[PDB]
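S.K.: Here's a structure for you.
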Amino acid sequence: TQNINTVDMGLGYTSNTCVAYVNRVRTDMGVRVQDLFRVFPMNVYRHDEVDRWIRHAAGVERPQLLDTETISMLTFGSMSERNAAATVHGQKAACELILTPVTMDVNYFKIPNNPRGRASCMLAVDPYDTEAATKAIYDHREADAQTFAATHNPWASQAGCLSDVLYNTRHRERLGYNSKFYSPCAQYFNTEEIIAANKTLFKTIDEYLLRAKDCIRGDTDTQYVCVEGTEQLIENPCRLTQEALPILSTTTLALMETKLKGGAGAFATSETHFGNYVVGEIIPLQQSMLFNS
Amino acid sequence: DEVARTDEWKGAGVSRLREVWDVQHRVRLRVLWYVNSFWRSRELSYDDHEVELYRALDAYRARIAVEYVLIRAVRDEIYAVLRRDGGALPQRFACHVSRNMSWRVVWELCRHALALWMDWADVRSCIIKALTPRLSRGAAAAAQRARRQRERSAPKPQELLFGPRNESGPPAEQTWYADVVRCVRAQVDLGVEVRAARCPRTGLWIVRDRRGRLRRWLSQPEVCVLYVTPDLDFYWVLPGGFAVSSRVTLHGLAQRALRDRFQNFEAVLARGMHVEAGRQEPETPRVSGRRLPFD
Amino acid sequence: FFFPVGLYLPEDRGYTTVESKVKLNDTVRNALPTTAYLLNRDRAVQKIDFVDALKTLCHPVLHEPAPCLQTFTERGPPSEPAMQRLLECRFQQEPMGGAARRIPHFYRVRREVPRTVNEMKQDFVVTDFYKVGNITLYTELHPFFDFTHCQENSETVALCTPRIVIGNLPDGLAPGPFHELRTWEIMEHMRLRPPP
Amino acid sequence: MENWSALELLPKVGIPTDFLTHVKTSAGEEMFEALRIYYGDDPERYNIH
Amino acid sequence: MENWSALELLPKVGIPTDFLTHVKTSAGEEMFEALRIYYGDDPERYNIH
Amino acid sequence: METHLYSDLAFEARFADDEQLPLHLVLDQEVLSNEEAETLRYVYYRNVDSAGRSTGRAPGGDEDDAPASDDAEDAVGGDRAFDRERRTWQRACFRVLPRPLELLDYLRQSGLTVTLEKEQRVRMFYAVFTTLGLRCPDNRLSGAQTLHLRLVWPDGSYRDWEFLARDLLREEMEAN
Amino acid sequence: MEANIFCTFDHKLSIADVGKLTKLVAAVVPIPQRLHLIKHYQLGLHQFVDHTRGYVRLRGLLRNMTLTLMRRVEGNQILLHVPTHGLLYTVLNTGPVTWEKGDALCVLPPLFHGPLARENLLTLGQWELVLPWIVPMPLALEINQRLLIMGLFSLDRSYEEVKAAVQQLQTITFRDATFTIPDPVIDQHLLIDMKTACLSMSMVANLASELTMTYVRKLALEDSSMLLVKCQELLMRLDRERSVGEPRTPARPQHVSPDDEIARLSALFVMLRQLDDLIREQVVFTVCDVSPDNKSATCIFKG
Amino acid sequence: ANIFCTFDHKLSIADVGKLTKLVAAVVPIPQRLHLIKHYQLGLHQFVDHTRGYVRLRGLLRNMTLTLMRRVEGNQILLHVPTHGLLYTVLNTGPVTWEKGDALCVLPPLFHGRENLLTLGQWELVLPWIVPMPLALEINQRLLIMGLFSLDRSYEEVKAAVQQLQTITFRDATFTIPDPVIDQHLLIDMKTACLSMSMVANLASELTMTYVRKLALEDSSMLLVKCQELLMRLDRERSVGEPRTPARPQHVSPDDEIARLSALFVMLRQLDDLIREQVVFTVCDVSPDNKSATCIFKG
Amino acid sequence: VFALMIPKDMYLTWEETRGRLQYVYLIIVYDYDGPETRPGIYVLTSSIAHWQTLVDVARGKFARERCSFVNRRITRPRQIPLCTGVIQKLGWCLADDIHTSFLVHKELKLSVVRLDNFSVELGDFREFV
Amino acid sequence: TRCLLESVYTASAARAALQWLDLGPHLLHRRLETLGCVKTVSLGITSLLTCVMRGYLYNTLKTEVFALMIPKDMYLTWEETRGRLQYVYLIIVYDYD
């Protein structure tokens, strides 16, 4: 054994990194939906016949009892969802769904935004100002900082929403859930963590470097929360900026065919045809960057 | 080998299923009869002589009347004291008034309000809610302690200089229950909780919402309010703060009837309760149909 | 990444900029979108429909509004003076015995009644429903359920009630033209595209 | 928590400093643990015990 | 609090001690302001930090 | 259904002293709400004779028969009267079935055999099974006897109803 | 198998903190899992401590945890040693209980001691190191017995009558020291324990033969002594509460049968062992040495 | 771990020769200590006319066990065995061991006085190491024989105790001493019998009330079975009496507390009796069978 | 040390997310519901090492057999039932070490469960009601 | 705060001061005379305090300057942005209930 001590000899940041090159996607970039019956195994419908009928109509099986406190102490989180028979496209990027009104502004999806419908970046709020932070993220009588509307999704933006009780980890703990499953929504709906993250500039940079990092098991078909060792943490810039990026999506196969037929730079532009539309990818990821390598 | 009672209970089964309503026909429930109950083997006799049923119905009538006789006592006390003082009543709640107002119409509205309150008063009126804590066991000892504190002699210099703190008096803010009757659209709100405090500049009463906001129905001409204090003093207040004051006598009822009608329940130790008294309870032990049972 | 599926674009302002590039044959299935198309890890085409969401949508948690009501009631009624008009409704059961005869007696008194919050939602247009001027937004918590504050026993209480049919959604979140287009879709499904 | 008086009294080695941002911005934004600021002349360094 | 390990390590002056009563009696009857007693061999003095 | 069997055995064991016979009941959405059924804590019952006198009090009357006195210091015969009043209530066992069921089908799913004069099905959102004791000291029981049912919830609130023996027993006693 | 376990403190340690740690060497610290590397958050009972939740829950959680001995604080690292069965170790007692040579020790959640001061061990921000009490067998047995008795007595009673009896039951006096059981609550664990006790008592009542039932009555008729007087007080109060019957003399034995008695007594002993398991904790140390200041002892570790 | 024992009496060569035959015997010590006197060997310390089997069993529980190693001219060397290792031990019991037996330690019921090492009113008495079934059988035989003590006037009970004294164990027969002397029972055995009778009597009374208390919380089928069993027990027990057993409901708190505490304190007395201490496991036994190799389970 | 072989029918586990360290037990349970008695034999793997908690969860699992034991006691008064069941601990192994395997001997093919690096620490036949 | 600093002054002399203050018929300010601010203490059965009545507050070598401590309930300001130089006053106001 040999132990090492390091002293930093700079008064400022004396080292820099850049993400220079990428060549793989570990996940499938798919469209498969998250299985809530896995994450919430205890719940059943009150009438047994309708419970059987609903579980048969979907692809899910019988409910399961969450393990007790002593067992949870002795063991690790349950990996309820088995691996698949074959894995061609790699790890499953499970999509989590937020219910929105049909009249929600389509231009909202064409730029990086909070899927919650309201801005919640703490770098805009004064440090350690808890009341200002809560008013910023929750008060719908105060105009949203990003768009100056009250919200673009009333069913997700305010305290006690459907999506708030679905994805906020406090409400999940209230309901009883399997914590082993990774949730892509948790970073946006975790109000208490976001409020606590409201520090000064360099403190937030240090938090971003050290702690506010995702960690997902890389050896299983479904995204499980990692054990905090033997797996290195994953940088997640969206955690700091509190936004999601827009992906290339289209409403009809005609517009997808047009995008595939066009030359370079076709994926970037967004187009509309009466009731149909395309949203262009914010960075040329799909078109060039994955396939250049 | 012998046969267990449970096996013969199961095999014998039931043969009855009957619906029974309560006396006032509010609630219906079903009764099961098991052909293996020990009830069968007894030599039981049964008879329903008419005079016994008549007496039972009279006693049941007496049981119901306990609340309404008390309400009528409050009403006739109101009329008695109003006659006693010749219809002249003083301001007792803080409100500003004008000499130019036509007070005859508000007198008429007060009469209408009295009629409407007597029409609508119920078991959930402020009177019953105010007297119910009196029936609790700690009540008598607390009253004795309060009286003994209230009339003790002034401290001498020795006890002020040496020894214990001064004995604290009662808090300035009290909790009352009230019945609010509105005439313009017939509406009576029974058993509303209110906080009462006495104004410093003038010794009148000020009533506030339990959240602390000022109750404003003194300013509304169409509403009269009846207040009852835990000392069983009642004020019948018409707008402007002018009130009729008297005490809620209840010696017209036997102790047994009042007590067995609405003495408060007291709990016994069960699952989830702390063995020590007064501790913070954990979550309530619900049994639910939304979830799988814990076993 | 985040992407929408199922949005309805305003027909009163519809436009196209790709008329010279694509043509869709006149069907309702083209008119009202239900599908979103994406690219795979390879540049292959993949598809999502509402049927695939059933693993999420059918779970009881979406249909249970108890935590929503708990949050709604734990934070009290709004204190802003402009918002007080939302709290003034009171609802009263009363016997049906003499109702027909008593109907004139109700109008006998010439007093107006407070306007219910659900009715107030209906007069916002589709675009300014989301603006800060929409007072009622603090009640629009769940798509499937209704919320309001009301006066009960001279106190303010919170009432939660389920929307039984989709027609009960506010006009700002599901306008009339959307319902008409959806009916056209159902008729096209039933082969009634030109109706009798 | 640190002995600032010992820092003030003891001899020091002079270096050219290279804060990227303004030094007061680095202090106000909490670049360092164990910060102390004072204005003018603070006599507390003179009371040795 | 007094760090007894420093006394245990540093050089000491040899003295003929004179307690009128038994040492454990004077210590047990609380003659001394601060006191530390240990039995056997205490490894504490060896972990210099 | 285990509650009914246990209560029958318990009343059989206690009959010599108590002279109370068991009465098995089923409760559903016609008597209590789903929340009330899910959160129920205790069920209590009281026996009242034809004269309106509760069982637990003295046969020849009590001090409680005196009128109340309006004195706060006296309360209403406070501690002694409170003790006398509490003494008259008795606690019964109960079990809650929190999910919709058909009663006859449920009973047949258990070991019981069911043979009714008319086999009409009864459907209920939930069921509370409880057994109450009816007092018959003389080995006689009068149709004018009254029985009270009390349900208590964790906050201490309660709901009361009363039934008279005629409605409970008219044809059942005439059959035996 | 992992013998030595590394624990990393995620918080910067001062000089006072490392002084406290090096003072704490050879104490007994419980761990939730026998991992190779753990964070300091997992140390001790603080991760589980919760008032308004009760004593029995914490007792069960502690009983499931694994025990380690502390050594070698080495600059932001501490090394925990998992003892092996049958070997000889030195143990530090951190509680107020008085150890004596030759007795067996059990691990239990801390009780409330008289001076009310308690005082903290290391305190890293909101985290605090709280250790269990290593206690001799008689005291642990008394605690479990009184907890069960309190549970059985309290059910179906009002707070008023249980107040004085519970205040009396909670207080323990052991070797000139006074302790109180801090937070008893009627819980699922206590209820299943009570159910098992009730089943065992019913089987004991069913199994007991006529002569083992009548032995006490025969002695009461034949002999007189203070112990017998104390027993007869209880039995007489029970009989008088039941009926006005005077003490009946027993009869001539009807069916003498050694084999029947032997089988019946064997069954009774099975039931008695089952009833005894409810209160007897697991022995973890047997002491044979003690420092005269009662600060440490030499003990043999038992699994 | 080594323990040194010294003799301050005056040994002869005959005494040494008698002592060397016990080279692998099991010797109990009151406490672990580096250097002890010969007075503290064996059970001779505790023997007195007023106490018997129960007290010696209880004392043997807390004692520490040692094996012997051969002798200096005046000093005995004792070895404290560690758990899990294997050692050679001497068969001092009245029966023969065999492979796989679990061995318990018991106070000696009888001797032979053949080879007692006596040094001025002190003598070395060693406990019996016997297989677990034999220990169980003789323990419960003694306990039963204690209960019969109070009415031994009848002939049938005398025949019962006569049958109860004799024991046969795989081709060995011997007679257990009668725990009653001069029509009286020693105090420790009397307290044991009193405690077990009190436990039974208290259980018979308290069980019904606690069944009701628990059934109020939940009414599982197990409580129904317990209720039926207790009703049967009361019916059979009351067959010789009129009317009813008439158990009441309004029990005073102090009576209930006293009854529960008495039940448990009586349970604590028996805990030494209900369990046998098993500390050895014999792997290999010599054909001579007077010695064997065993694994220490202490 | 060695490896332990268990047939598929005799294996059961109650926790579905196996802890890193697994203790194994031998459990036999008597069912008295029939005219004879049916002793069910099982081999159990669990992360619980404390015997009392394992007994409590086992009682929770096998309640029907407890009721059957009491019913056997009441039904046949002249006969004394043994117990509800006994539990003995023998072994500890890691979760990854557990595998499913097939065995062929005497031409018969059997499905078996193996604990690849089993360590033997045999406890005691302890009975529970 | 009243409860806290009433528990602090649980001495015969302080209670005597309070009784003397409330006893007479005069207004409070007629009974009071202000001396200044204190900066020293020598403890004993009778303690000695040294108080300045014109000047700054500092120790022997002026190596430390002392502040003036006002309890938070008694502190009062009437301006949003403070002037560079501030004067401080003592106010006693009577409510005639």
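Residues in the structure tokens are numbered from 1 in each chain, the chains being A, B, ... in the order shown, and ligands are numbered from 1 in the order shown.
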Would you mind listing what lies within 8 Å of residue 112 in chain I as JSON, numbers by chain, with only C-alpha atoms counted and same-chain residues fewer than 3 positions away left out?

M.R.: {"I": [5, 6, 7, 8, 100, 101, 102, 103]}

S.K.: Least-squares align chain E to chain D using all Cα atoms paired by position, then dump the moved coordinates as a short mmCIF file (atom, residue, chain, number, x, y, z; two decimals) with N, CA, C and O atoms, in the first residue's frame.

M.R.:
```cif
data_model
loop_
_atom_site.label_atom_id
_atom_site.label_comp_id
_atom_site.auth_asym_id
_atom_site.auth_seq_id
_atom_site.Cartn_x
_atom_site.Cartn_y
_atom_site.Cartn_z
N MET E 1 -10.71 26.93 14.42
CA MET E 1 -10.80 27.90 13.34
C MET E 1 -9.43 28.49 13.02
O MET E 1 -8.57 28.58 13.90
N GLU E 2 -9.23 28.87 11.76
CA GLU E 2 -7.96 29.42 11.32
C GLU E 2 -7.66 30.73 12.05
O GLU E 2 -8.54 31.58 12.20
N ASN E 3 -6.43 30.88 12.52
CA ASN E 3 -6.00 32.12 13.17
C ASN E 3 -5.28 32.96 12.12
O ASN E 3 -4.14 32.69 11.75
N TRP E 4 -5.98 33.97 11.61
CA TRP E 4 -5.43 34.78 10.53
C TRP E 4 -4.31 35.68 11.02
O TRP E 4 -3.44 36.07 10.23
N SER E 5 -4.30 36.02 12.31
CA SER E 5 -3.26 36.90 12.83
C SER E 5 -1.88 36.28 12.71
O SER E 5 -0.90 36.99 12.48
N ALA E 6 -1.78 34.96 12.85
CA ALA E 6 -0.49 34.30 12.68
C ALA E 6 0.02 34.46 11.25
O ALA E 6 1.21 34.72 11.04
N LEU E 7 -0.86 34.30 10.26
CA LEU E 7 -0.47 34.57 8.88
C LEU E 7 -0.08 36.03 8.71
O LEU E 7 0.85 36.35 7.96
N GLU E 8 -0.77 36.93 9.41
CA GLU E 8 -0.52 38.35 9.24
C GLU E 8 0.83 38.75 9.82
O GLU E 8 1.47 39.68 9.32
N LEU E 9 1.28 38.07 10.87
CA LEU E 9 2.54 38.43 11.51
C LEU E 9 3.73 37.72 10.86
O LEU E 9 4.75 38.35 10.57
N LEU E 10 3.62 36.42 10.64
CA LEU E 10 4.77 35.62 10.25
C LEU E 10 5.25 36.02 8.85
O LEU E 10 4.48 36.55 8.05
N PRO E 11 6.53 35.79 8.55
CA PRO E 11 7.05 36.12 7.22
C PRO E 11 6.33 35.36 6.13
O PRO E 11 5.86 34.23 6.33
N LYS E 12 6.24 35.98 4.96
CA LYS E 12 5.48 35.43 3.84
C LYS E 12 6.34 35.42 2.59
O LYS E 12 7.33 36.15 2.49
N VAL E 13 5.97 34.56 1.64
CA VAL E 13 6.68 34.42 0.37
C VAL E 13 5.98 35.27 -0.68
O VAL E 13 4.76 35.18 -0.85
N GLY E 14 6.76 36.08 -1.40
CA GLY E 14 6.22 36.94 -2.43
C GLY E 14 5.86 36.14 -3.66
O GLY E 14 6.70 35.42 -4.21
N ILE E 15 4.62 36.28 -4.10
CA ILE E 15 4.08 35.50 -5.21
C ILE E 15 3.34 36.41 -6.18
O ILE E 15 2.63 37.33 -5.74
N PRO E 16 3.49 36.22 -7.49
CA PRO E 16 2.57 36.89 -8.42
C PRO E 16 1.26 36.13 -8.53
O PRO E 16 1.19 35.09 -9.19
N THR E 17 0.22 36.64 -7.88
CA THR E 17 -1.05 35.94 -7.85
C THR E 17 -1.78 36.06 -9.18
O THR E 17 -1.65 37.05 -9.90
N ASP E 18 -2.55 35.02 -9.51
CA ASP E 18 -3.28 34.97 -10.78
C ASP E 18 -4.69 34.43 -10.52
O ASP E 18 -4.91 33.22 -10.51
N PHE E 19 -5.62 35.35 -10.29
CA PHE E 19 -7.04 35.03 -10.33
C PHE E 19 -7.56 35.38 -11.72
O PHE E 19 -7.35 36.50 -12.20
N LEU E 20 -8.23 34.42 -12.37
CA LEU E 20 -8.78 34.70 -13.69
C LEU E 20 -9.82 35.81 -13.62
O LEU E 20 -9.79 36.75 -14.41
N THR E 21 -10.73 35.71 -12.66
CA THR E 21 -11.73 36.74 -12.43
C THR E 21 -11.26 37.69 -11.34
O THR E 21 -10.21 37.51 -10.72
N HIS E 22 -12.04 38.74 -11.11
CA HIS E 22 -11.73 39.71 -10.08
C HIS E 22 -11.69 39.03 -8.71
O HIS E 22 -12.49 38.14 -8.43
N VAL E 23 -10.75 39.46 -7.87
CA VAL E 23 -10.55 38.79 -6.58
C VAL E 23 -11.82 38.81 -5.76
O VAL E 23 -12.23 37.79 -5.20
N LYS E 24 -12.46 39.97 -5.66
CA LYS E 24 -13.68 40.06 -4.88
C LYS E 24 -14.81 39.27 -5.51
O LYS E 24 -15.72 38.82 -4.81
N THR E 25 -14.77 39.06 -6.83
CA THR E 25 -15.77 38.20 -7.46
C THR E 25 -15.53 36.74 -7.11
O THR E 25 -16.48 36.01 -6.82
N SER E 26 -14.28 36.29 -7.15
CA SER E 26 -13.99 34.90 -6.80
C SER E 26 -14.27 34.63 -5.33
O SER E 26 -14.70 33.53 -4.97
N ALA E 27 -14.02 35.61 -4.47
CA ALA E 27 -14.31 35.44 -3.05
C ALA E 27 -15.81 35.50 -2.78
O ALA E 27 -16.33 34.71 -1.99
N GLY E 28 -16.51 36.44 -3.42
CA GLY E 28 -17.94 36.56 -3.21
C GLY E 28 -18.72 35.38 -3.74
O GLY E 28 -19.70 34.95 -3.13
N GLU E 29 -18.30 34.84 -4.88
CA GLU E 29 -18.91 33.64 -5.43
C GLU E 29 -18.40 32.37 -4.78
O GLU E 29 -18.61 31.28 -5.33
N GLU E 30 -17.72 32.48 -3.64
CA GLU E 30 -17.45 31.35 -2.76
C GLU E 30 -16.54 30.32 -3.42
O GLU E 30 -16.84 29.13 -3.44
N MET E 31 -15.43 30.78 -3.99
CA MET E 31 -14.46 29.87 -4.58
C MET E 31 -13.60 29.18 -3.52
O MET E 31 -13.18 28.03 -3.72
N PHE E 32 -13.33 29.85 -2.41
CA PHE E 32 -12.33 29.40 -1.45
C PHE E 32 -12.99 28.78 -0.22
O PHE E 32 -14.05 29.24 0.22
N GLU E 33 -12.35 27.74 0.32
CA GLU E 33 -12.94 26.99 1.42
C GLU E 33 -13.13 27.85 2.66
O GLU E 33 -14.19 27.83 3.28
N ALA E 34 -12.10 28.61 3.04
CA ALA E 34 -12.17 29.49 4.19
C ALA E 34 -11.66 30.86 3.79
O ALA E 34 -10.72 30.97 2.99
N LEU E 35 -12.27 31.90 4.34
CA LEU E 35 -12.06 33.25 3.85
C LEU E 35 -12.22 34.24 4.99
O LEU E 35 -13.09 34.08 5.84
N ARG E 36 -11.36 35.26 5.00
CA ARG E 36 -11.46 36.36 5.94
C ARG E 36 -11.19 37.66 5.20
O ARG E 36 -10.16 37.78 4.53
N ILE E 37 -12.09 38.62 5.34
CA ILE E 37 -11.99 39.92 4.68
C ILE E 37 -12.20 41.00 5.72
O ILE E 37 -13.16 40.94 6.50
N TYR E 38 -11.32 41.99 5.74
CA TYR E 38 -11.49 43.14 6.61
C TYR E 38 -11.05 44.40 5.88
O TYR E 38 -10.22 44.36 4.98
N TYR E 39 -11.62 45.53 6.29
CA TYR E 39 -11.40 46.82 5.66
C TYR E 39 -10.67 47.76 6.60
O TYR E 39 -10.84 47.68 7.82
N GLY E 40 -9.87 48.64 6.04
CA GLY E 40 -9.10 49.56 6.86
C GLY E 40 -7.94 48.84 7.50
O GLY E 40 -7.20 48.11 6.84
N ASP E 41 -7.78 49.04 8.80
CA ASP E 41 -6.71 48.41 9.57
C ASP E 41 -7.34 47.73 10.78
O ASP E 41 -8.06 48.37 11.55
N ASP E 42 -7.07 46.43 10.93
CA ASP E 42 -7.66 45.65 12.01
C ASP E 42 -6.64 45.45 13.12
O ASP E 42 -5.59 44.85 12.87
N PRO E 43 -6.90 45.94 14.33
CA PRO E 43 -5.90 45.83 15.40
C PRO E 43 -5.68 44.42 15.92
O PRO E 43 -4.87 44.24 16.83
N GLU E 44 -6.39 43.42 15.39
CA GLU E 44 -6.40 42.09 16.00
C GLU E 44 -5.00 41.50 16.11
O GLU E 44 -4.66 40.85 17.10
N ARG E 45 -4.17 41.70 15.09
CA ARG E 45 -2.87 41.04 15.06
C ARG E 45 -1.91 41.57 16.12
O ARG E 45 -0.86 40.96 16.34
N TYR E 46 -2.23 42.69 16.77
CA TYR E 46 -1.29 43.29 17.70
C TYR E 46 -1.37 42.73 19.11
O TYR E 46 -0.39 42.84 19.85
N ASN E 47 -2.49 42.14 19.51
CA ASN E 47 -2.61 41.63 20.88
C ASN E 47 -2.18 40.15 20.92
O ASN E 47 -2.96 39.21 20.92
N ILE E 48 -0.86 39.98 20.95
CA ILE E 48 -0.29 38.66 21.13
C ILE E 48 -0.58 38.18 22.54
O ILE E 48 -0.38 38.91 23.52
N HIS E 49 -1.07 36.95 22.66
CA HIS E 49 -1.33 36.34 23.96
C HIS E 49 -0.99 34.87 23.87
O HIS E 49 -1.05 34.27 22.80
#
```

S.K.: Please identify all residues of chain F having at least one atom at most 12 Å from any atom of chain G, considering only C-alpha atoms, and return them as a ChimeraX atom specification.

M.R.: /F:17,42,83,86,90-93

S.K.: Give me, as a tab-separated table, each residue of chain B that comes within 10 Å of chain C, together with its shortest interatomic pair and the distance in Å at one decimal, counting only C-alpha atoms, with rows ordered by chain and rising residue number.

M.R.:
```
residue	atom	partner	partner_atom	distance
B:179	CA	C:153	CA	9.6
B:180	CA	C:154	CA	8.1
B:184	CA	C:109	CA	8.0
B:185	CA	C:109	CA	7.9
B:187	CA	C:92	CA	9.5
B:188	CA	C:153	CA	8.2
B:189	CA	C:153	CA	5.0
B:190	CA	C:153	CA	6.9
B:191	CA	C:153	CA	8.1
B:192	CA	C:153	CA	6.9
B:193	CA	C:155	CA	9.4
B:209	CA	C:155	CA	9.0
B:210	CA	C:155	CA	10.0
B:290	CA	C:60	CA	8.6
```

S.K.: For N, CA, C and O atoms, I'd like the residues from the last selection saved as a tab-separated table (two decimals), in the first residue's frame.

M.R.:
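Everything below was put into result.tsv:
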```tsv
chain	number	residue	atom	x	y	z
B	179	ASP	N	-73.32	30.06	15.87
B	179	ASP	CA	-74.29	29.71	14.84
B	179	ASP	C	-74.62	30.97	14.05
B	179	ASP	O	-75.06	31.97	14.63
B	180	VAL	N	-74.42	30.92	12.74
B	180	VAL	CA	-74.54	32.08	11.87
B	180	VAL	C	-75.77	31.90	11.00
B	180	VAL	O	-75.86	30.91	10.26
B	184	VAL	N	-81.04	36.92	3.79
B	184	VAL	CA	-81.34	37.34	2.43
B	184	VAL	C	-81.49	36.15	1.50
B	184	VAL	O	-82.40	36.11	0.66
B	185	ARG	N	-80.62	35.15	1.63
B	185	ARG	CA	-80.88	33.81	1.12
B	185	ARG	C	-80.76	32.86	2.30
B	185	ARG	O	-79.68	32.74	2.89
B	187	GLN	N	-79.98	30.64	5.01
B	187	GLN	CA	-78.78	29.83	5.18
B	187	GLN	C	-78.32	29.97	6.62
B	187	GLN	O	-78.07	31.08	7.09
B	188	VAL	N	-78.23	28.84	7.32
B	188	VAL	CA	-77.79	28.80	8.71
B	188	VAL	C	-76.58	27.89	8.79
B	188	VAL	O	-76.64	26.73	8.36
B	189	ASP	N	-75.48	28.40	9.34
B	189	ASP	CA	-74.25	27.64	9.52
B	189	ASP	C	-74.11	27.32	11.00
B	189	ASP	O	-73.90	28.21	11.82
B	190	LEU	N	-74.23	26.04	11.34
B	190	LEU	CA	-74.25	25.61	12.73
B	190	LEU	C	-72.87	25.15	13.18
B	190	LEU	O	-72.16	24.47	12.44
B	191	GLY	N	-72.52	25.52	14.41
B	191	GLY	CA	-71.31	25.03	15.04
B	191	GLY	C	-70.01	25.47	14.39
B	191	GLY	O	-69.15	24.63	14.11
B	192	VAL	N	-69.87	26.76	14.13
B	192	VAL	CA	-68.65	27.30	13.56
B	192	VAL	C	-67.72	27.71	14.69
B	192	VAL	O	-68.14	28.30	15.68
B	193	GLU	N	-66.44	27.40	14.53
B	193	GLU	CA	-65.43	27.68	15.53
B	193	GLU	C	-64.85	29.07	15.30
B	193	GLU	O	-64.57	29.46	14.16
B	209	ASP	N	-61.34	34.62	12.58
B	209	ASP	CA	-61.20	33.28	12.02
B	209	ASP	C	-60.07	32.55	12.73
B	209	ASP	O	-59.13	33.17	13.24
B	210	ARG	N	-60.16	31.22	12.76
B	210	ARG	CA	-59.11	30.43	13.38
B	210	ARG	C	-57.76	30.65	12.70
B	210	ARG	O	-56.72	30.40	13.31
B	290	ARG	N	-56.51	-0.61	-2.16
B	290	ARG	CA	-55.64	-0.18	-3.24
B	290	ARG	C	-54.37	-1.02	-3.36
B	290	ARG	O	-53.74	-1.00	-4.42
```

S.K.: Return the neighbours of chain E among the residues of chain G, cut-off 12 Å, counting only C-alpha atoms, as a VMD selection string.

M.R.: chain G and resid 14 to 26 71 to 76 290 to 297

S.K.: What lies within 9 Å of range 62-77 of chain B using only C-alpha atoms, ignoring chain neighbours under 4 positions off, as a ChimeraX atom specification?

M.R.: /B:57-58,81-82,114,118,121-123,125,127-128,234,246-250,252-253,257-258,261 /F:52

S.K.: Could the residues in this selection be saved with C-alpha atoms as a compact mmCIF listing (two decimals), in the first residue's frame?

M.R.:
```txt
# COMPACT_ATOMS: atom_id res chain seq x y z
CA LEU B 57 -91.17 4.15 22.35
CA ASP B 58 -91.84 6.84 24.96
CA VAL B 81 -84.21 38.47 28.95
CA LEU B 82 -85.40 40.61 26.04
CA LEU B 114 -84.64 34.48 15.27
CA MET B 118 -85.25 28.32 15.60
CA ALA B 121 -81.09 24.54 14.79
CA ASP B 122 -79.86 20.96 15.05
CA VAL B 123 -77.75 18.59 17.15
CA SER B 125 -75.47 23.60 16.86
CA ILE B 127 -74.65 24.78 22.12
CA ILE B 128 -73.95 21.05 21.96
CA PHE B 234 -74.36 33.03 25.16
CA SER B 246 -77.60 35.38 29.20
CA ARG B 247 -76.48 31.98 30.48
CA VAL B 248 -77.34 28.61 28.96
CA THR B 249 -79.11 26.84 31.81
CA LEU B 250 -79.38 23.07 31.49
CA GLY B 252 -84.06 21.03 32.89
CA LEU B 253 -82.40 17.73 31.95
CA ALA B 257 -79.76 11.69 29.65
CA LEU B 258 -77.27 14.39 28.65
CA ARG B 261 -76.43 10.99 24.78
CA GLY F 52 -84.88 2.97 28.68
```
